[PDB]
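One chain follows as structure tokens, the form deposited in one PDB entry.
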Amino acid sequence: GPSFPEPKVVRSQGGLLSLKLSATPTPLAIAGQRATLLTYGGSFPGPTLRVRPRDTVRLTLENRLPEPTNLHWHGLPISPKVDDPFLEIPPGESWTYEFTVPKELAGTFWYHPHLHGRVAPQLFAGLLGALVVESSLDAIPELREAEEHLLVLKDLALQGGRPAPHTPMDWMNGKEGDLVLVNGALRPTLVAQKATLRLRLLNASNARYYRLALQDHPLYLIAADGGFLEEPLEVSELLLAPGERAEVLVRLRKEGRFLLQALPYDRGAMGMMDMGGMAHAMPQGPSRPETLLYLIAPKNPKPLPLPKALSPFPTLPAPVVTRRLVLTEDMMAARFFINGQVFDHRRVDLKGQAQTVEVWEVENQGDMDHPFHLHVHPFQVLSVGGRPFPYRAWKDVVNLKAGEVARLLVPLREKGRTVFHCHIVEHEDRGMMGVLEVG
């Protein structure tokens, strides 16, 4: 096969992507060992769905798991009557999701389960795949001539040839695994044929963070979770929290081998100690550095020039309401809260008006990082930790370190009931989720 493994792509045909996927336990070879995972389409990751604005998607999900499941069309601004976080597909049953891809949309999105209390074990076991919305912007020479790859960043732990079970500690911290994989492969080699790479990045991990840095190179950020930036932004490193996506250009500077690494990062995970009296909780400290892939540059690389511009960000109407959402933790109970409450699917927490803009102030009063995700309604991050964001782009997950406040500009789009929650998925399963109704 190609030296760099990527999920198989399924493309829309004549404006229609019609596909049947089964969620099924699947024996496969992964990282040199045999394991049974839970997969879509018999693969890990699931197939990449590649569509264009205005395409029709018709996806029938058959549930061959022993428990209920569903899909969340993560990042897509579509109706929560389709992207329905309350829908349960029982074992053996099927459900067809049908929607039209919005006209003003581009980027890397993804699909995975969202059923309260069951997300963490299902996602950890392999139920995830990417969804790419192609853009006319993709035809500009500076992108068209780049070598494009998808990197699905997802870790795993195996026990007895199956995904390792969640421990009590995993429910508190979010589960991380020792196998730190890219597209299900262990430290693959990417032998570049072109000097400019266009990498679409997806953190599909339950809880692991990826503090991305390419040896000897900067990265040029060109898209966030849900759309292009206005122009490329040069960065020395790029943190991807669980659920986040990004697209970068890499301009290879000389021949040789360069490591793409996940550098040490302390997200506030905790261990337990006993040193005289307490059987007390203690910081795990930063993650160990990981090599994600080996990038081999071609001979005499001469990168394309960067595009001068990408996509102008919409000028939003003035906001009509400000919200405050405070995140807190009870670590020893593995319970997590928004404004002092745990999720209740019967309880509406916020009621907003379609087509108005709201300001959401999300404050992390816990001691761990908490990435905050809102379904259905992409947002513009204005600032985090009191620092203004250095670009304008659509996001749907925003990371908050302990004590930080994020201020978000949230246009409400589709009407209906949807959810917002922590995307360390164990924390969502353990209560850190609320309900928004848009009318």
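From 1 onward, residues are counted along the sequence shown. We call the rigid core the largest set of C-alpha positions that still match within 1.5 Å between the two forms.
Beyond what is shown, the protein has a form deposited in another entry; the following relates to that form.
No residue of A157, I140, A281, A354 other than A281 has its CA displaced by 2 Å or more between this form and the one not shown when the core is superposed. Figure legend: C-alpha atoms of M278 and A333, shown here, are separated by at least 3 angstroms more in the other form. In the other form, the Cα-Cα separation between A281 and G431 grows by 3 Å or more relative to the displayed conformation.
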